[PDB]
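Peer 1: Below is the file my_file08.txt, which contains compact mmCIF, C-alpha atoms.
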# COMPACT_ATOMS: atom_id res chain seq x y z
CA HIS A 1 6.49 116.98 102.47
CA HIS A 2 8.35 113.73 101.79
CA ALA A 3 11.67 114.03 99.98
CA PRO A 4 11.29 112.00 96.75
CA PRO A 5 13.69 109.21 95.78
CA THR A 6 15.63 111.39 93.34
CA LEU A 7 16.28 113.89 96.15
CA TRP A 8 17.63 111.15 98.43
CA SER A 9 19.77 109.85 95.54
CA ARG A 10 21.78 113.08 95.84
CA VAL A 11 22.93 112.21 99.39
CA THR A 12 26.33 110.58 99.04
CA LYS A 13 28.90 109.14 101.44
CA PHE A 14 31.92 111.43 101.54
CA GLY A 15 34.96 111.50 103.76
CA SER A 16 33.95 111.03 107.39
CA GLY A 17 30.36 111.98 106.62
CA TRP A 18 28.10 112.84 103.71
CA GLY A 19 27.53 115.39 101.03
CA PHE A 20 24.88 116.34 98.52
CA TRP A 21 24.70 116.77 94.75
CA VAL A 22 23.01 120.10 94.01
CA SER A 23 23.35 119.48 90.26
CA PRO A 24 25.32 117.24 87.87
CA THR A 25 28.47 119.24 88.62
CA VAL A 26 28.02 120.78 92.11
CA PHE A 27 28.56 118.84 95.35
CA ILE A 28 28.30 120.35 98.84
CA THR A 29 29.45 119.10 102.22
CA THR A 30 30.71 120.22 105.62
CA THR A 31 34.38 121.23 105.57
CA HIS A 32 35.50 119.17 108.54
CA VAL A 33 34.41 115.88 106.91
CA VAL A 34 36.45 116.54 103.72
CA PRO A 35 39.52 114.29 103.51
CA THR A 36 42.95 115.88 103.42
CA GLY A 37 46.09 114.70 101.69
CA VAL A 38 44.15 113.42 98.67
CA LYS A 39 44.77 114.02 94.98
CA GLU A 40 41.19 113.55 93.79
CA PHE A 41 37.55 113.63 94.81
CA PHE A 42 35.23 111.05 93.21
CA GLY A 43 38.15 110.11 90.96
CA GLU A 44 38.56 113.61 89.53
CA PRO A 45 41.95 115.30 89.96
CA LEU A 46 42.19 118.48 92.02
CA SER A 47 43.07 120.50 88.94
CA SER A 48 39.62 119.73 87.48
CA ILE A 49 37.60 120.89 90.50
CA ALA A 50 36.72 124.44 91.51
CA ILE A 51 36.56 124.77 95.30
CA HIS A 52 34.47 127.38 97.11
CA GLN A 53 34.57 126.99 100.86
CA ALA A 54 34.21 129.10 104.01
CA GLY A 55 32.70 128.79 107.53
CA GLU A 56 32.38 124.96 107.51
CA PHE A 57 30.61 124.98 104.14
CA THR A 58 32.46 123.38 101.20
CA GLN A 59 31.32 123.41 97.58
CA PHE A 60 32.99 121.48 94.78
CA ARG A 61 32.23 122.31 91.14
CA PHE A 62 33.50 119.57 88.85
CA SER A 63 34.56 120.38 85.32
CA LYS A 64 32.76 117.31 84.03
CA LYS A 65 29.16 116.28 84.53
CA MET A 66 29.37 113.71 87.32
CA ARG A 67 25.66 113.10 87.98
CA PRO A 68 23.78 113.84 84.74
CA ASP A 69 20.81 111.91 86.13
CA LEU A 70 20.07 114.96 88.33
CA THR A 71 18.38 118.25 87.63
CA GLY A 72 20.00 121.38 89.02
CA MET A 73 18.26 122.57 92.16
CA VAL A 74 18.43 125.79 94.13
CA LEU A 75 21.05 126.21 96.86
CA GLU A 76 20.27 129.10 99.20
CA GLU A 77 22.21 130.66 102.09
CA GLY A 78 20.02 129.35 104.87
CA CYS A 79 16.27 129.81 105.00
CA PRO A 80 13.74 132.18 106.57
CA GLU A 81 13.36 131.93 110.31
CA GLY A 82 10.66 129.46 111.19
CA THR A 83 11.09 127.28 108.12
CA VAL A 84 10.72 123.60 108.87
CA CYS A 85 13.52 121.75 107.11
CA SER A 86 14.20 118.06 106.73
CA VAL A 87 17.74 116.88 107.39
CA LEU A 88 18.30 114.03 104.93
CA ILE A 89 20.17 111.58 107.11
CA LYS A 90 21.21 108.27 105.59
CA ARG A 91 22.60 105.28 107.50
CA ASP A 92 25.42 103.14 106.15
CA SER A 93 22.80 100.43 105.53
CA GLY A 94 20.98 102.79 103.16
CA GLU A 95 18.10 103.40 105.57
CA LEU A 96 16.64 106.89 105.13
CA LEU A 97 15.95 109.01 108.21
CA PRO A 98 14.47 112.43 107.45
CA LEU A 99 14.62 114.58 110.59
CA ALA A 100 12.37 117.61 110.91
CA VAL A 101 13.96 120.77 112.32
CA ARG A 102 12.48 124.22 113.04
CA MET A 103 15.04 126.77 111.87
CA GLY A 104 16.14 129.84 113.78
CA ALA A 105 18.66 132.56 113.05
CA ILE A 106 21.56 132.63 110.63
CA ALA A 107 24.58 133.72 112.62
CA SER A 108 28.34 133.66 113.02
CA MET A 109 29.27 131.09 115.65
CA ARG A 110 32.47 129.76 117.17
CA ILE A 111 32.13 125.98 117.44
CA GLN A 112 35.08 124.14 118.98
CA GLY A 113 37.34 127.04 118.03
CA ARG A 114 36.32 127.12 114.34
CA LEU A 115 34.47 129.95 112.62
CA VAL A 116 31.07 128.69 111.46
CA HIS A 117 28.63 130.70 109.38
CA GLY A 118 25.54 128.71 110.11
CA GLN A 119 21.90 128.52 110.98
CA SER A 120 20.64 127.13 114.27
CA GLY A 121 17.52 125.01 114.58
CA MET A 122 15.63 122.87 117.05
CA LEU A 123 14.54 119.33 116.28
CA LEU A 124 10.77 119.20 115.78
CA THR A 125 9.92 116.35 118.14
CA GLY A 126 6.30 116.35 117.03
CA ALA A 127 7.26 115.60 113.42
CA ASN A 128 9.76 112.78 114.06
CA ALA A 129 9.11 109.25 115.26
CA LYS A 130 8.93 108.91 119.01
CA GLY A 131 12.47 108.65 120.38
CA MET A 132 14.02 109.52 116.99
CA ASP A 133 16.33 112.35 118.07
CA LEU A 134 19.99 113.35 118.31
CA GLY A 135 28.74 110.56 111.57
CA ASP A 136 25.79 112.52 110.11
CA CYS A 137 27.80 115.65 109.33
CA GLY A 138 27.30 116.82 105.80
CA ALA A 139 23.67 115.75 105.52
CA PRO A 140 21.65 118.40 103.65
CA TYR A 141 18.93 120.62 105.13
CA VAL A 142 16.11 120.87 102.59
CA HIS A 143 12.65 122.36 102.36
CA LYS A 144 9.96 122.47 99.69
CA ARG A 145 8.92 125.88 98.37
CA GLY A 146 6.04 125.72 95.95
CA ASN A 147 6.77 122.89 93.56
CA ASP A 148 10.55 122.81 94.10
CA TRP A 149 12.89 121.51 96.73
CA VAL A 150 15.58 123.88 98.02
CA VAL A 151 18.80 122.97 99.82
CA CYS A 152 19.94 125.51 102.36
CA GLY A 153 22.68 124.03 104.53
CA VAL A 154 24.78 121.03 105.52
CA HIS A 155 24.79 119.45 108.97
CA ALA A 156 27.71 120.74 111.05
CA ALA A 157 26.98 120.53 114.78
CA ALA A 158 24.49 119.53 117.44
CA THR A 159 24.01 119.26 121.17
CA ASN A 160 17.87 119.31 120.98
CA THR A 161 19.65 122.02 118.94
CA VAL A 162 21.44 121.66 115.61
CA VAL A 163 23.49 123.89 113.32
CA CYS A 164 23.88 123.68 109.57
CA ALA A 165 26.70 125.46 107.79
CA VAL A 166 25.41 127.81 105.11
CA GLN A 167 26.72 129.39 101.90
CA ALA A 168 25.09 131.16 98.94
Written as structure tokens, that's how I'd like the structure from this file.
Peer 2:
Amino acid sequence: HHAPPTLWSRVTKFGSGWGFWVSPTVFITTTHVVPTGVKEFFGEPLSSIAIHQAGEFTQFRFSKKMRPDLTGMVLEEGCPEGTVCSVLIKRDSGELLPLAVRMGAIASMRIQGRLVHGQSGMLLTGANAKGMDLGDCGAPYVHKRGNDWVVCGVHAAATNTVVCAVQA
């Protein structure tokens, strides 16, 4: 399943990586790419943003509609084992690079001394261009269930194995 243009339009440069608009008001990213010592995100003051973060997953809920062009989509805490997700990687040039990954177990993992609630996966070589393999932290892990796309994690770590941070 190819991610449609509106789905890619949710992937947004943020901090030292990327994040993803789940809805007009909800933005998700990986905690370690979030800038510190700032007074605003996307021009909105801290006092107008509800933060929900843990385990390398960060969610922002803005008090104002920031992306009213978007429908609200489902964010899930990971996905069933064996799901094939696409990691929606974008280059600075705007080139789109969906990377297929076979997902494994949701688990608690220590990664470089930080507690990560995440899901491991293995890149699906057979579903990516030859040689297309491992600043992309925060890219969303998505999959299509029935008629709807679901987001289930944000890119956090890699070595042919990857980990997305997850949160409900």
Peer 1: Given all atoms listed in the file as the basis, pick out the residue of A:14, A:141, A:149, A:21 nearest to residue 89 in chain A.
Peer 2: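 So, comparing all the options, the nearest one is A:141.
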Peer 1: Using all atoms listed in the file, find the one residue out of A:127, A:151, A:115, A:106 that sits nearest to residue 23 in chain A.
Peer 2: A:151
Peer 1: Take the point (27.5, 116.9, 109.7) in the file's coordinates, draw a sphere of radius 6 Å around it, and report as a PyMOL selection string every protein, DNA or RNA residue with an atom inside or on it, counting all atoms listed in the file.
Peer 2: chain A and resi 136-139+155-156
Peer 1: What is the CA of residue 83 in chain A-CA of residue 103 in chain A distance in Å, reported with one decimal?
Peer 2: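 Going from CA of residue 83 in chain A over to CA of residue 103 in chain A covers 5.5 Å.
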Peer 1: For residue 159 in chain A, find every residue with an atom within 12 Å (counting only C-alpha atoms), except residues of its own chain fewer than 6 positions away, and show them as an mmCIF file with C-alpha atoms, in the coordinates of the input.
Peer 2:
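Written file, part00.cif:
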data_model
loop_
_atom_site.group_PDB
_atom_site.id
_atom_site.type_symbol
_atom_site.label_atom_id
_atom_site.label_comp_id
_atom_site.auth_asym_id
_atom_site.auth_seq_id
_atom_site.Cartn_x
_atom_site.Cartn_y
_atom_site.Cartn_z
ATOM 1 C CA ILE A 111 32.130 125.980 117.440
ATOM 2 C CA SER A 120 20.640 127.130 114.270
ATOM 3 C CA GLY A 121 17.520 125.010 114.580
ATOM 4 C CA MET A 122 15.630 122.870 117.050
ATOM 5 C CA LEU A 123 14.540 119.330 116.280
ATOM 6 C CA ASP A 133 16.330 112.350 118.070
ATOM 7 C CA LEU A 134 19.990 113.350 118.310
#
Peer 1: Out of A:90, A:64, A:113, A:37, which residue has the shortest atom-to-atom distance to residue 13 in chain A when counting only C-alpha atoms?
Peer 2: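 Ranked by minimum distance to residue 13 in chain A, first place goes to A:90.
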Peer 1: Pick from A:130, A:104, A:97, A:51: nearest to residue 80 in chain A, with only C-alpha atoms counted?
Peer 2: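 Of all the options, A:104 lies closest to residue 80 in chain A.
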Peer 1: In Å, rounded to a single decimal, give me how far CA of residue 31 in chain A is from CA of residue 1 in chain A.
Peer 2: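 Those two atoms sit 28.4 Å apart.
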Peer 1: Using all atoms listed in the file, can you tell me which of A:43, A:17, A:119, A:168 comes closest to residue 92 in chain A?
Peer 2: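 Going through A:43, A:17, A:119, A:168 one by one, the smallest distance to residue 92 in chain A is for A:17.
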Peer 1: At a cut-off of 10 Å, can you tabulate as a Markdown table every residue of range 1-36 of chain A near range 142-145 of chain A together with its closest atom pair and the distance in Å to one decimal, using all atoms listed in the file and ordering rows by chain then number?
Peer 2:
| residue | atom | partner | partner_atom | distance |
| --- | --- | --- | --- | --- |
| A:1 | CA | A:144 | CA | 7.1 |
| A:2 | CA | A:144 | CA | 9.1 |
| A:3 | CA | A:142 | CA | 8.6 |
| A:7 | CA | A:142 | CA | 9.5 |
Peer 1: One decimal, Å: what's the distance from CA of residue 41 in chain A over to CA of residue 16 in chain A, could you say?
Peer 2: 13.3 Å
